[PDB]
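Chains as they are written, first to last, in full-length UniProt numbering: chain A, 17 to 333; chain B, 2 to 320; chain C, 8 to 47; chain D, 2 to 281; chain E, 2 to 61; chain F, 2 to 61; chain G, 2 to 61; chain H, 2 to 259. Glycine included, C-beta positions come from ideal geometry on N, C-alpha and C. What follows is a short report on a single structure.
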Ligand code: BCL
Ligand code: BCL
Ligand code: BCL
Ligand code: BCL
Ligand SMILES: CC[C@H]1c2cc3[nH]c4c(c3C)C(=O)[C@H](C(=O)OC)c4c3nc(cc4[nH]c(cc(n2)[C@@H]1C)c(C(C)=O)c4C)[C@@H](C)[C@@H]3CCC(=O)OC/C=C(\C)CCC[C@H](C)CCC[C@H](C)CCCC(C)C
Ligand SMILES: CC(C)=CCC/C(C)=C/CC/C(C)=C/CC/C(C)=C/CC/C(C)=C/CC/C(C)=C/CC/C(C)=C/CC/C(C)=C/CC1=C(C)C(=O)c2ccccc2C1=O
Ligand SMILES: COC(C)(C)C/C=C/C(C)=C/C=C/C(C)=C/C=C/C(C)=C/C=C\C=C(C)\C=C\C=C(C)\C=C\C=C(C)\C=C\CC(C)(C)OC
Ligand code: HEM
Ligand code: HEM
Ligand code: HEM
Ligand code: HEM
Ligand SMILES: [Ca+2]
Ligand SMILES: [Ca+2]
Ligand SMILES: [Fe+3]
């Protein structure tokens, strides 16, 4: 249609990913990166606690996870949570006026899981989250319902039978491309083989479909815009599948592709039973998690913001 | 109107030329010629008449079915909401039949309309090829155009006839979509290890490039010599003239050698017609003969070697 | 144009009877389907 | 050695710089000022390109250093130096060699200039050739400059400069969605569609059926008027072509330029402006 | 019959070659654009309801 | 056609043939355009409620 | 062929050779089309159901 | 393309299949590239190429046969053409060196002004009338509705001084367009034809600017035999005269700029 002439100006950012002149380069907008950081800032960690006194399970009667911690630490981990999840509706969000131990309001129930959820991440999935970790903020960023949560997208409108063609619509999911645009469910939620790049010189070995690769391209797109980078970041395009060449990040993300599965298959999906309507998608599936959920357009959530470190209750006990 | 033989400064008009007499059996031309001052300021102003016989009518009607089918489904997905139609036009497109049908005739829903609108577009071209063949011999003309158009058609069918069918799945076929078809060529490459290393694909580029190159030379040269009547190639091919008489010397002195006013047009032909020739092939080989053109290259010591400043592990072998 | 009043009125007449030829053949068409498969 | 009709054209004069001095013909070529110039760049670079094949990525004794025309490669220096000269070994060659490219391309045009100046022909060819050179001045100067690193250029490796085209391409995801890029592509295709059409017609009118005379412009017009209705015109095509050709390159130049300096996000996304329009 | 009174004068400015030809086209495409879109619609007749699936019966 | 009386003048500068034919087209497209647009979201008698049963009931 | 009487007059204004080719072609597509649009839906007679599966008694 | 092969496969069994066809087609072409010009004339600089050879890589092709239309002769390609003439002397006894035009280079008929002896006949249309003729004969041709009329404009010159005024323009029956301008020189009061290629317009001052030759040069312009049709012979010798101006109309032009 029309030709672009400059919606962004020079000189853009630069990051040499590969050997001199390999094409592998990262180009980022200066200002945007600024605003992103600025508006994408964490919340100062709370003051250290006495870490002494009695234990959680000692006094508090209905505690199933934060027992290891003491009182001050636990009271602390209760504060943090409220500022990170529902700093808007106060403690009454996951509790009952007076019943500091009741489990009537679903917000609590999940909170329990969500707790184990986080911990796990920082404790067992360190190849991905590294020595940094994630907190309720990383996803909730101060909102009862994480803004960047997903669900099985229904797709385009119903032509009364021939509607299955779910690849003709620019969904923000895939960086405004025209791919299936719903790779999150089949992949991030399921476990469909992402690999299609034949490993043999001649044909007759790989039965992969052309559509299949389009699907992978889908997911990749989405992932690419989730962390907010360019494939160069993870790979050298001439070797989409040669790892011996592709980039350390490539692997790091690998694990996440499953760390996400884990988060949906063993935590987010089970809670649906208690989650209300406004939290359930059209297909009845609950709002799950995606690379976009945490990362939210930044290779390293909150630009390497190390929050979990200052919170011992946010680690497997 | 800057005159570097760019825009016809002053135009003139004569009675609508109803084409030259055709042979017996060829229907008389139709359409009252039109005149456009602007258009004519680029080249010719008169318009039509146009020929339309059996093959022609049978074609204009045929392919016009495919287009409808396509544009139809497109406006169908948008739930017949033109608003969102003219919005997602680029994205909208008629997707091919799912792999769960191979080559069998799918229902209008799951890939049917595509196939139908496909055959109607396949023959529409094959038929149109004959339409051109009938316009050549009817004027005692040769079939250089058909030969070329054929070549193009070759690569056209490679995207559905010879390759997909040779693969046993209508899935390996380009879809009816402005954007989605860009993804097709985008995916195809990814699926087959990067077409940059595919031999034929390179050879074909040499043409997409060469082509552009030559015309940039020719189209230009003819103009630069348009002074000495260098545009009238015909009478130049018959009896060489001063235009073509310096027109070559230039190239000769510049690059050493050269060709004749006629000759060149022959190069151009083979530099353009050979484009798709190396097209249908490079794709006819992909999927069937080869599956990963990258390893294929290095297999023959083609792929270049680069130092290792960056490398990633492999959780598969590890775990 | 390209004609006078005479040839003009003659065309219009026959041209009409041919149009009602359609409406009738099509309305009767609709109706036959209307009975079979009711739309709306 | 001259053509049957060459002698009567080899006139003296029409030189831009120091013509009379180098004003002469060496075989079927012409020298003049710019004539010698380009050469002084040719061997000074062509050989350096060979010196690269000789030396190699790390060293001449390395296992990387190869002579396979396919694997041969001359990549530019890191993006660290930016606009600084890197060691001849670590990017220096490319840098210098490239400076020889401009000296060859540009001079080659300038040389064509006065060459036409002698034949009293039009300066179309050179002006046209300019674009090609211009496009180059973008993939090595313009772009890199607004990117702050001569390392943004493309490697000089028969197959090596393809990867640089794959990465930088995917650097913006699906590089197929670039506006200028698309547009340009269309042109390249139209152009080829033009050649396959022009060249064909000529040969189809000057070499008709057996026992047939050489057709005239009277036919050409009708021919394309009977298949699709209108006929652009004789020189018209020679115009149209020249247009497409140049346009193809121009829009392309823009295509890569906008990629990076004027846009860092993913091209596929750029099209969003059309989506976020208050109309749908 | 009412309007048919002075509507004859129409052909005096609008050539019959025009109407006749365009009319055919419109009514042709237009028509096909109905069984078509409507077909794709619920009241499909080819493979919607009846004939009740015999394919299933006869096939196997 | 009340005040339309004076409007008689329009014909000399608004060419008859053109005005009629062209206008006749504008509606052709619009007519479909609209039907298409309304048929899109508002209500789709073709695939919304009854008397359609054969479609859904007849299918399964 | 009753109405044929008045219908004869058409030949005087439109070139007979046109309506013939336009139609001989128009039916060409329509035919190739119908078997297609139908064979792709209502009954894919060729290899969807009856007769004796070329797959069952075939493949085995 | 490697000297030694250790790998075999279909993909490569077809690639070479191309190069052979290519190496062949490039030759097919070359052959054709010699249907006008060769053989060469001298030896100033011994034919350069990876492999010298007598007359190029490919032996000259066989003479093709061109049947011109009705009322026309016949052309052969290639053809043995008789040696031409050079109205210039060698700027130096050293091969390659240029040839200085004798007398007034503006009419020495050399280089820029030099033109081959095209057929002393005239090009025609499909039926048989002279293709290019003056509007004084083209009873049908008229100036495009809107576009300004040339007939009546004053033809200026290089130096700027007026050289004459247009009395008519020559249109083309075959290809609707304006190819020449029947200019009426003031000096010689003669009638010379002006080619579009050199004809520039300034609709503002009703002129037909010309940077080719000076206004004075318009005087001795190759006259035409029949004012009712332009002969191919002269036609090519016409606009060629103007070319000279492109390199002779001023000593400064041929002279270096730096
Ligand atoms: C345009 C975008 C990219 C690019 C993208 C691509 C892609 C994509 C492809 C090529 C391909 C080619 N490119 Mg590249 N290429 C670029 C810039 C260049 C430049 C340059 C001076 O800037 C050069 C010289 C080349 C040269 C070449 C050729 C080796 C090869 C044939 C193309 C062709 O047929 O054109 C038409 C013209 C001709 C046939 C005539 C002249 C070209 C000759 C044959 C090439 C000689 C180059 C030579 C090896 C350089 C050293 C010369 C020394 C004196 C020995 N590229 C830019 C950076 N290029 C194709 C290929 O196969 O690469 C392996 C291919 O598919
Ligand atoms: C993942 C990869 C991306 C991609 C990434 C890129 C990138 C990255 C770039 C392009 C560029 C281009 N791409 Mg892309 N491109 C993709 C897919 C495509 C497809 C496709 C069908 O899929 C097509 C048709 C194209 C088409 C194009 C061209 C429009 C454009 C090259 C323009 C040009 O004319 O340079 C014209 C030529 C030149 C610059 C070279 C100058 C020539 C010199 C002066 C002469 C050399 C003479 C030599 C020394 C002598 C040889 C003779 C020997 C002595 C014998 N791309 C995919 C999606 N593309 C490039 C571009 O936009 O350039 C503007 C670019 O940078
Ligand atoms: C929708 C649900 C129903 C159904 C309901 C309807 C309805 C309702 C209608 C049709 C109509 C038609 N249906 Mg049905 N139809 C169904 C299933 C089918 C199937 C199928 C395979 O399942 C098929 C093949 C058809 C086929 C057809 C066509 C015969 C017909 C379209 C006529 C037309 O538009 O002419 C296009 C028009 C023209 C070319 C020009 C106008 C005609 C004039 C009067 C004659 C030309 C005069 C000329 C100047 C003189 C020269 C003569 C020659 C041209 C030389 N139907 C299902 C079961 N069908 C339409 C019909 O037949 O109306 C009568 C109609 O109204
Ligand atoms: C959405 C809810 C309703 C519905 C509500 C409406 C409404 C509301 C309207 C229609 C109208 C129409 N509907 Mg409905 N419609 C429905 C379902 C359908 C279905 C279906 C398959 O389900 C179909 C096929 C139709 C079909 C139609 C068309 C017959 C008609 C549009 C006429 C037109 O565009 O003139 C375009 C115009 C012209 C070509 C020219 C202008 C007319 C002039 C006055 C006459 C020509 C003069 C000329 C110069 C003289 C020479 C004569 C010849 C041209 C040679 N409807 C559903 C059930 N429908 C419109 C209508 O009926 O108008 C009467 C309308 O207003
Ligand atoms: C819009 C402009 C179009 C165009 C036009 C065009 N090209 C032209 C011309 C014109 C009008 C000429 O007049 C000129 C020509 O052929 O003159 C006889 C030419 C030409 N177009 C050429 C090539 C070319 N054009 C291309 C494109 C185009 N040319 C566009 C379509 C392309 C591509 C990439 O598609 C190529 C490859 C040349 C054949 C020729 C110009 C030759 C010339 O001037 O060479 C000068 C220099 C040397 C011979 C020596 C170079 C050695 C240096 C010291 C080193 C430089 C290193 C180099 C950068 C590395 C390249 C490595 C790659 C293999 C990776
Ligand atoms: C590994 C191994 C064993 C190696 C061996 C190596 C050996 C033996 C080496 C020794 C051999 C050597 C050194 C050879 C060197 C040869 C060299 C350097 C040649 C330099 C010349 C050069 C760079 C030429 C470029 C030519 C190119 C690429 C042109 C591209 C366009 C193209 C297809 C041109 C061909 C057709 C032509 C000539 C078109 C030009 C042309 C055009 C465009 C017109 O419009 C026109 C109009 C009217 C009349 C004529 C013409 C006309 O001629
Ligand atoms: C509603 O629409 C209206 C009436 C308004 C008209 C508007 C229409 C519009 C706007 C249409 C727009 C169409 C567009 C934008 C189309 C775009 C198409 C694109 C981009 C296509 C790109 C590539 C297409 C390819 C490569 C197609 C290849 C097709 C092939 C190879 C088909 C092969 C078919 C075969 C071999 C059939 C064989 C017959 C059988 C199947 C029987 O053999 C067993
Ligand atoms: C500052 C306000 C808050 C206070 C004072 C507070 C206090 C407490 C206390 C005292 C307990 C343990 C008591 C018991 O069970 O016996 C507790 C448990 C719990 N609170 Fe809070 N809380 C606050 C906000 C929140 C919020 C906003 C959430 C929700 C995200 C939440 C979720 C929970 C959960 C899930 C448990 C049980 C933990 C377990 O299973 O180990 N609380 N809270
Ligand atoms: C340990 C800290 C966390 C706490 C206390 C917490 C708490 C909660 C609560 C109370 C809800 C229910 C909200 C409602 O709808 O009323 C919820 C939902 C959810 N949480 Fe968390 N969460 C934590 C961490 C996370 C993290 C790290 C992620 C990111 C992957 C996440 C993702 C989600 C999602 C996807 C939902 C469903 C959306 C919704 O309920 O509206 N949560 N969380
Ligand atoms: C938009 C540009 C990108 C494209 C076109 C792309 C394409 C691909 C393809 C085709 C594969 C499958 C390879 C095979 O057959 O084994 C793949 C896998 C993969 N990509 Fe990307 N990718 C892109 C960006 C990224 C980015 C930015 C990351 C990093 C965060 C990434 C991480 C991965 C991982 C981890 C896998 C392996 C998945 C598995 O376990 O199957 N990719 N990519
Ligand atoms: C499947 C989608 C995901 C992908 C592909 C992915 C990928 C990556 C990659 C490649 C990094 C390393 C970045 C660097 O080196 O600078 C990273 C870091 C990180 N990711 Fe993810 N991630 C995904 C989902 C998530 C989710 C859902 C969370 C949220 C709980 C998360 C939390 C983190 C954290 C906290 C880091 C920082 C660790 C460090 O500093 O090294 N990621 N991720
Ligand atoms: Ca697709
Ligand atoms: Ca209904
Ligand atoms: Fe030409």
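Grab the span of the beta strand (DSSP E) containing residue i for me, first residue to last.
i                      : result
residue 194 of chain H : 192-196
residue 67 of chain H  : 65-68
residue 181 of chain H : 179-186
residue 239 of chain B : Note, residue 239 of chain B: premise wrong, no beta strand (DSSP E); alpha helix (DSSP H) at 234-239.
residue 91 of chain H  : 89-91
residue 78 of chain H  : 75-78
Are any of the Cβ atoms in chain E nearer than 8 Å to that of residue i?
i                     : result
residue 73 of chain B : yes
residue 55 of chain B : no
So what does residue i bridge to, in DSSP terms?
i                      : result
residue 51 of chain B  : B:31
residue 304 of chain A : A:166
residue 31 of chain D  : D:26
residue 177 of chain B : B:95
Less than 8 Å between CB atoms is the rule here; does residue i satisfy it with respect to chain B?
i                     : result
residue 53 of chain G : no
Determine the extent of the alpha helix (DSSP H) in which residue i is found, giving its start and end residues.
i                      : result
residue 100 of chain H : From DSSP, residue 100 of chain H is part of no alpha helix (DSSP H) but of the beta strand (DSSP E) over 100-102.
residue 166 of chain H : Element bounds for residue 166 of chain H: not the alpha helix (DSSP H) but the beta strand (DSSP E), 165-173.
residue 127 of chain D : 125-138
residue 17 of chain F  : 17-41
Closer than 8 Å, CB to CB, is residue i near chain A or not?
i                      : result
residue 184 of chain B : yes
Give a yes or no on whether the minimum CB-CB distance between residue i and chain D is below 8 Å.
i                      : result
residue 258 of chain A : no
Between residue i and chain G, is any beta-carbon pair separated by less than 8 Å?
i                      : result
residue 163 of chain B : no
How would the residue list near ligand 8 read, in chain order, if you kept each one whose beta-carbon is closer than 6 Å to any heavy atom?
-> This selection yields A:76, A:77, A:78, A:79, A:80, A:81, A:82, A:94, A:95, A:97, A:98, A:101, A:102, A:107, A:109, A:110, A:111, A:116, A:117, A:123, A:124, A:127, A:128.
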